[PDB]
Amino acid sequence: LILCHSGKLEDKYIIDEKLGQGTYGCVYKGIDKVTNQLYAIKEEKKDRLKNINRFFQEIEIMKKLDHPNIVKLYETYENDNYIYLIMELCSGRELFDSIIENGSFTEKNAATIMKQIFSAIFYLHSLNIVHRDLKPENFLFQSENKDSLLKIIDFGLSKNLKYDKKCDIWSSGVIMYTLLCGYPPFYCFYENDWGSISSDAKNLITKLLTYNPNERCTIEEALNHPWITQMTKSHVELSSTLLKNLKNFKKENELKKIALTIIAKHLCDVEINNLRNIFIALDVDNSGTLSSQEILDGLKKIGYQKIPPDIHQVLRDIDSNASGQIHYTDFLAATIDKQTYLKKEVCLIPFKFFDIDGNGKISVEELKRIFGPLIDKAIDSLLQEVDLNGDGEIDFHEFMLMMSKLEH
């Protein structure tokens, strides 16, 4: 769902502010002229080929990622001198900012952070991706709120395909050590600030910072370490419409399904952070994806005894999909409620994405790009149901009606 454009960036976005300076170019705050959504825009100067090759390597990696702790990539632009990434806008709050102010984290609060970092590494490694550059500067809190999740915001040195995995593990140990005592390691040495920190924490740090890569613990081992399990131990409460929406998602038309996915991608950390929190609570192996078993066990834990046949059908649909699991954004798309999304300002977001040339109408050529043969069948069915004009295209009024109709 991540398209590349060749037009002028500034035709779609207002550049509202410069946010900072990266190694390969600046980052700006951008505002979509039509939807008024805010993004971070990462500018990468195509000055040298070694760098240019990194830029596209990063783009190909980021297209694969969908995780609560990983920054979203929405689209890209490219001209002669630059490549631009249109990305999720986070806060400017760095991981160690509170240490500058208040000192070292408590172990409970440090564990909350480490669980998120470990989960992201696990997710990446499970995709056969190594980050290779997990320095503290590559993280940002998604918002200024104290409840904010942490996000990895840069994948410039990441590689799709180990000694590399062990380096990611090592990097996480450096961060953990710093969170707990307020200074970096080697500038495992437990001294005046460590006299009060738990033996569980020391043991984990010891496993993460093992000098010989081959004796270093795996990401699975870190996640299952007593320090993580004990300190972050907490019960899950479904929303009132969650299961209804979940079982209904599959029967929606293909355009509405994509629209909900785009909407979910924009609201995940605010309007629907309830659903995000439910996803995370259900994902007990912290893999960033849900198996049918996680959902079943989760429901049983909640109090459901005899699972209704229509929920069993959802479970089987998950088992039998592309992989046997449901991704983070797909779960959000399937659970989000019309009370949240059925608003012109929200629905305009996916409409503007579909309406590539900004015509005000979605054409067949645009749908052909959107739907990745029998794809022509789907487009035909779509237009038969949605094009109440007969003009062969979908305008915003027709789109809003499609989003609001109850009949499958």
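The first residue of the shown sequence is 1; numbering continues from there.
Trainee: Might you work out how many residues are unmodelled in the deposited sequence between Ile100 and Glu101, and answer none, 1 to 3, 4 to 9, or 10 or more?
Mentor: Gap between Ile100 and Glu101: none.
Trainee: With respect to the deposited sequence, how many residues separating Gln305 from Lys306 are not represented by coordinates: none, 1 to 3, 4 to 9, or 10 or more?
Mentor: Nothing is missing between them.
Trainee: So, looking at the entry's B-factor column for Cα atoms, which has the higher mean, 241-249 or 223-231?
Mentor: If you average the C-alpha B-factors of 241-249 and of 223-231, the larger mean comes out for 223-231.
Trainee: What stretch has the higher average Cα B-factor here, 324-332 or 76-84?
Mentor: Looking at the recorded C-alpha B-factors, 76-84 comes out higher on average.
Trainee: Looking at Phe139, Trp194, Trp170, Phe279, which one carries the largest C-alpha B-factor according to the PDB entry?
Mentor: Among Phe139, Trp194, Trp170, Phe279, the highest C-alpha B-factor in the entry belongs to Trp194.
Trainee: From the list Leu290, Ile258, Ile311, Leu296, select the residue with the highest C-alpha B factor recorded in the entry.
Mentor: Highest C-alpha B-factor among the listed options: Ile311.
Trainee: In terms of the chain's CA B-factor thirds, is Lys202 lowest, middle or highest?
Mentor: Ranked within chain, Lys202 CA B lands in the lowest tercile.
Trainee: If you rank the chain by CA B-factor, which third does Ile129 end up in: lowest, middle or highest?
Mentor: It belongs to the middle third of the chain when residues are ordered by C-alpha B-factor.
Trainee: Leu406's Cα B-factor: lowest, middle or highest third of the chain?
Mentor: Answer is middle: the recorded C-alpha B-factor places it there.
Trainee: Using the temperature factors of the C-alpha atoms in this entry, rank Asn53 within its chain: lowest, middle or highest third.
Mentor: For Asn53, the deposited C-alpha B-factor lands in the highest third.
Trainee: Sorting by Cα B-factor within the chain, modelled residues only, which third would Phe122 end up in: lowest, middle or highest?
Mentor: Ranked within chain, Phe122 CA B lands in the lowest tercile.
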